[PDB]
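Worksheet: the structure to be examined is printed underneath.
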Amino acid sequence: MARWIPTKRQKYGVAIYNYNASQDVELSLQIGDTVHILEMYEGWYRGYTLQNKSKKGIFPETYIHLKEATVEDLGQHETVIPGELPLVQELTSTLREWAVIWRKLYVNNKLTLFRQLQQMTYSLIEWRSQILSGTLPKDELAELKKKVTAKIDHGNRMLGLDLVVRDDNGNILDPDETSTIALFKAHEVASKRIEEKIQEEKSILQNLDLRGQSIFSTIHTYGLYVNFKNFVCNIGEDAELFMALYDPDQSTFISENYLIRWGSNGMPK
Amino acid sequence: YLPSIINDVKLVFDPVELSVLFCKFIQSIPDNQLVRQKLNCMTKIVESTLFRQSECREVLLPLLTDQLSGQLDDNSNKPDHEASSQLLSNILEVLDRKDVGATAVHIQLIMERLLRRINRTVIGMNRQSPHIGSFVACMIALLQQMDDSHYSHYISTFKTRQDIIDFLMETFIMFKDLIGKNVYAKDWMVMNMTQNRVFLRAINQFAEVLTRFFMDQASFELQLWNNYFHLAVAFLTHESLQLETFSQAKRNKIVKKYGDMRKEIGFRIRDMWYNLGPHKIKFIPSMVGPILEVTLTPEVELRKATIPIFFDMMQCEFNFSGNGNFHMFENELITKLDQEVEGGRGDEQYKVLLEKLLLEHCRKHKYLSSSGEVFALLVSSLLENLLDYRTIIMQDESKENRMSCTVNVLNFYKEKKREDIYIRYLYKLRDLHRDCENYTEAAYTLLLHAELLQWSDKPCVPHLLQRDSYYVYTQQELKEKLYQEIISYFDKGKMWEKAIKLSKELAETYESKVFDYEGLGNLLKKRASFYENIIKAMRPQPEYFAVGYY
Amino acid sequence: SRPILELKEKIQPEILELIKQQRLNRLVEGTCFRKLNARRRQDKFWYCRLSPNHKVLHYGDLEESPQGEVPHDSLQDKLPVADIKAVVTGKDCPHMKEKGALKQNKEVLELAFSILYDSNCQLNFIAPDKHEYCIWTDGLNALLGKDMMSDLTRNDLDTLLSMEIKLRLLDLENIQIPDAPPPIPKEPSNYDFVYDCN
């Protein structure tokens, strides 16, 4: 083994399974071992791993899932869609801290918040999977971004963790010391979201009407779904069914009459 | 609504004529009408039509400054607090915009017409509960936007040196009152870090002004360094390794985005202290302690840079050693060192590094460095003692070992004869024994304390004047109080022989020195009760066991 | 998921020791346990606190404390953890077979557990329900250094193992694990790394 070359085009050192421990610096390299390799051999790669950033490991080229891309996916245009990938990396780091606190939880009698953590964890991971593909429409992208940001910030909250800002585009722009006052506005808005969620924990996790009020105040148009199943009426003749929304107090209708033709055989005509 | 027109009006009108016409409109407002409304109006002015500045900014602002400066202190600033905050925030926000237009000179104008103002404001706007945070954000944004050239342009070049001295000291004590008693929810880590970076910038600027106008250059009026180093250390007293450690990225996130701010804080203070020069000795004993805790910071590098300052200050005394030696220094060193170490701060590598550096420094130097060598050996012994103490304390969590080790350190201090800390841990042990209700042992320890006293009148040292209550307490009076307490202890300790014994001398003291016969009567009442207790009832004998540890 | 399952159950023990350490914590925090036939002014509730060292048990006829464990010297502060033969669970408890005044009913069949010590003394105790009964038996067997006997324990094992592994497959996303592992490329025998180590 020889002929190693420094390079930064091997950030995504990706395994296949639990590697063999043939090398003195390699082990049963876990599935999720993204490794910061510093040196390239044609068939092998040795460098820092995620598990140990102070130790090398010579890992086969065939075993490496080569990805020339680095942490930044715009210089090489690796993004499936620009401006979204930062979110997936940050949420993965978030999942890492969830695992840490997870270990910290079972040892304690916090099983209520623990279980709610389980269900937010499922929601987050499935959203992660579904946004791994850029197939969704842009409105869907925005809505996912917003709701998952709310969820993760809430998770930071009850875990007593710090906050983030810059709702869209990876939540990194404002923490890039672009301004100061707008940073204060963003932090205050984050605290607004936090207070929303702390008051609404007791409003949704307990009640079910305040959520409806909050949702329906934001929109104006509604449609009532009626699914007719069968008509029971002892007529013996053809029937017309005029079902529509009505105002008993005002003694008038609210929606236009919907007509159903009903046969004399007990079935609609 | 008039500001609503300004956009398309400018689209079909002169910029500056519009500017001056609106200015004339505004200044024409009487000084006591719809103040919040005019603030909203000027906000609706500034957010737009200031995207171009060269022709309006310089003429729009002066009036805006006039209103805010009237809002500075007219004793009726209470309603417009948040509104003025809004104005200031929005204008600075627009100013920081890059595409909008060059404003560095205009930044200077804003600085000159705003800085003392806002500082005075937040000084007066001093309560934590209100929307103080908005003002703080505004002013830190101001600091971030300015320039070292700006910083030194006029704020460093004010009128008579007394006024600028007052300004500087007010700013420093303010920064102390801000770092201490932080203004945010502790979750706005981004905000705290940003505030720290801008405070780094500001305190650096005010360090160069101190150097360039307040070294031996200012041969006199050279006190403020006490405040300056106090502020620096207080700033240096948070945001440490463990906080950086919670997430493994936390170290990494902070360092990549901010680095180890503590590092440059320490190095700046180090070079500044070196710059003190001839004034160092006039400045050592007060600030000896303020250096240990930063030396005690859990890092490596600035520690390596910081212990040598200990040799520097003992050497400063060596210059001043014409009258004695660094005894005054090392006493404070021992005492402080005790408090922080027992606080659970230091490390073993720290003691090794201290020994290495001090020995190395002392090799190059003279006899007084040999005295420093032997005293450093003393210090290392102290350090290992404390480390063993604390590791046992937080390891076993059995009161028995706690008493054992605290007795060990008590005896160590008695060997070292540093009486005050000896008394401190003596009282610690008294607390422990009371927790165990071992009345007899608590009485004995408190007696060892009392034994140091005398029946004289003059309180010889305030060392015996402990922290429980601090006023005159002639040795006579404190000895009386201790004896009363010990008598009570023995009484509930059911050991009345020693009680009577001490009662005898206490009565002697009352009748021959203070002549308060009421005390005689009460004490003799108690002594009669003691004799009754001895004669009447009985007490069980404690079994005694031998324990051989091997 | 055959390579996945192999890799998943193959790295087992960490969750196992975590579970058992939590069980030890649960024993230490303990509760006011339940006695036998504490009907006539006999304190049914009584705490049995494991040592933080986990070598002694603070237990005895403590009062009816609804708050649970109280930290002090119990009626007997020792249970010899070095010599316990076993704990009898269910019908194996002789006090379940009692047919006189201590007739433990058939509603405490799953709540019967007695510590075997002194080779002649037993600690015939009751659990408030099944889950903590199994938890206490788990903790005791952890002191015994053997497997666990709670359905909830298996629940925890499976759920948390699934959580951990599900977190690990993120690097191999959109990629597969050949159930036949990829052949090892031959390593040149020389170790003369042309570029430096580390």
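Residue numbers (UniProt numbering), protein chains in the order written: chain R, 1 to 269; chain D, 819 to 1368; chain H, 530 to 727.
For each residue, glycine too, the CB sits at the ideal point set by N, CA and C.
Short CB-CB distance (under 9 Å) between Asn52/R and chain H:
no
Taking only the alpha-carbon atoms, compute the straight-line gap between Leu1342/D and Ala1317/D and give it to the nearest angstrom.
Here the alpha carbons of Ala1317/D and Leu1342/D stand approximately 12 Å from one another.
Leaving out five residues on either side along the sequence, give the residues of the same chain with a beta carbon under 6 Å from the beta carbon of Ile958/D.
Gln1013 and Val1016
Would you identify the three-state DSSP class for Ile5/R, choosing helix, strand or coil?
strand
So who's on the other strand from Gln1302/D, going by DSSP bridges?
Bridge partners of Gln1302/D: none, in fact.
For a contact meaning CB atoms closer than 8 Å, what does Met1009/D contact in chain R?
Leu183, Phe184 and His187
Under 8 Å by beta carbon: chain D residues contacting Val165/R
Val1008
The alpha helix (DSSP H) enclosing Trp262/R, as first and last residue numbers
That residue, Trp262/R, is in no alpha helix (DSSP H); its beta strand (DSSP E) goes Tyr258 to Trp262.
I need the boundaries of the alpha helix (DSSP H) containing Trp1273/D, first residue and last residue.
Neither: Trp1273/D is in no alpha helix (DSSP H) and is coded neither H nor E.
On the three-state DSSP scale, how would you describe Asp247/R?
strand
Interface positions of the stretch 29 to 63 of chain R facing chain H (Cβ-Cβ less than 8 Å), listed along the chain
Here the close residues are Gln30, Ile31, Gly32, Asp33, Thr34, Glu39, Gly43, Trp44, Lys56, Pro60, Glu61, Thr62 and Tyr63.
Would you mind telling me which residues of chain R sit closer than 9 Å to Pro714/H, beta carbon to beta carbon, in chain order?
Near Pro714/H (Cβ distances below 9 Å), the residues of chain R are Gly43, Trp44, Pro60, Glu61, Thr62 and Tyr63.
Within-9 Å CB hit, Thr180/R to chain D
yes
Listing by chain order, which chain R residues have their CB less than 8 Å from the CB of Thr1055/D?
Within chain R, no residue comes near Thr1055/D; the closest Cβ sits about 20 Å away, beyond 8 Å.
Consider the Cβ of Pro6/R: report whether some Cβ of chain H lies at a distance smaller than 9 Å.
It does; some Cβ of chain H falls within 9 Å.
Note down, in chain order, all residues in the stretch 949 to 962 of chain D with a beta-carbon under 8 Å from any beta-carbon belonging to chain R.
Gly951, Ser952, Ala955, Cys956, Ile958, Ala959 and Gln962
How far does the alpha helix (DSSP H) with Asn1022/D in it extend, from its first residue to its last?
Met1007 to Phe1032
In angstroms, rounded to a whole number, what distance separates the CA positions of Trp127/R and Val723/H?
Distance between the alpha carbons of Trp127/R and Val723/H: 46 Å.
Where does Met964/D fall in DSSP's three states?
coil
Expressed to the nearest angstrom, what Euclidean distance is found between the alpha-carbon atoms of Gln845/D and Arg870/D?
22 Å
Closest by CA to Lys896/D, which one among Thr921/D, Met929/D, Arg945/D and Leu927/D?
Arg945/D
In angstroms with no decimal places, state the Cα-to-Cα distance between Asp687/H and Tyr1362/D.
56 Å
Within 10 Å of its beta-carbon, does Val1118/D have 16 or more other beta-carbons around it, so buried, or fewer, so exposed?
exposed
Between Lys145/R, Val35/R and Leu87/R, which lies nearest to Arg9/R when the distance is taken from Cα to Cα?
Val35/R
Buried or exposed for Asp917/D, going by 16 or more other Cβ atoms inside 10 Å?
exposed
Check each residue of the stretch 1146 to 1179 of chain D: if its Cβ is closer than 9 Å to any Cβ of chain R, include it; give the result in chain order.
none
Cβ pair count under 8 Å reaching 3, the stretch 1347 to 1359 of chain D against the stretch 1285 to 1300 of chain D:
no
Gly13/R bridges to which residues according to DSSP?
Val35/R
Test item: CB-CB of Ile1305/D and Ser1321/D under 9 Å:
yes
Beta strand (DSSP E) segment containing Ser679/H, residue limits
No beta strand (DSSP E) contains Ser679/H, which DSSP labels as neither H nor E.
Do three or more CB pairs link the stretch 1149 to 1161 of chain D to the stretch 1088 to 1101 of chain D at distances below 8 Å?
Contact between the stretch 1149 to 1161 of chain D and the stretch 1088 to 1101 of chain D is absent, because fewer than three Cβ pairs lie under 8 Å.
Does the beta carbon of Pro175/R sit closer than 9 Å to a beta carbon anywhere in chain D?
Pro175/R belongs to the set of residues whose beta carbon lies under 9 Å from a beta carbon in chain D.
Measuring CB to CB, does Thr178/R end up less than 9 Å from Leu910/D?
The Cβ-Cβ distance between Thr178/R and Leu910/D does not fall below 9 Å.
Helix, strand or coil for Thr861/D per DSSP?
helix
Counting C-beta neighbours from all protein chains within 10 Å, is the total for residue 270/R 16 or more, i.e. buried, or is it exposed?
Because chain R spans 1 through 269 in this model, residue 270/R falls outside it and cannot be assessed.
Residues from the stretch 906 to 922 of chain D in contact with chain R, defined by Cβ distance under 7 Å:
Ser907, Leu910, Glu911 and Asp914
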